[PDB]
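**Q** My structure is below; once you've seen it, I'll send some questions.
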Amino acid sequence: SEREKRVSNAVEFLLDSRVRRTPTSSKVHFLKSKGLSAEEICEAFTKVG
């Protein structure tokens with residue numbers, strides 16, 4: 001599904017060691033800019049440990 005693709009792509013982005021030091025505020029805006037909702041964003045954040 002389109003939602004599953006959005007969330008799974010987000011998780012993969014977030015797991016990249018190179019993006020760790022990226023401000024969480026900008027991660028939120030970035031994910032919104034890729035079409036994710038607030039609930040999708042929270043789901044993506046918590047799939048990462």
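Heads up, the Cβs are rebuilt from the backbone with ideal geometry, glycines too, and the neighbour counts pull from every protein chain shown. Each reported figure results from applying straightforward, stated rules to the coordinates on display, with no laboratory input.
**Q** Compute the relative contact order of the chain as a whole-number percentage, counting only Cα pairs closer than 8 Å that sit 6 or more residues apart in sequence.
**A** It rounds to 56 percent for the chain.
**Q** Give the order of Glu4, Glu40 when sorted by the count of other beta carbons within 10 angstrom, beginning with the fewest.
**A** Lowest to highest Cβ neighbour count: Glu4, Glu40.
**Q** Could you compute Rg(Cα) / (2.2 N^0.38 Å) for the chain, with N its residue count?
**A** Ratio of Cα Rg to 2.2 N^0.38 Å: 1.02.
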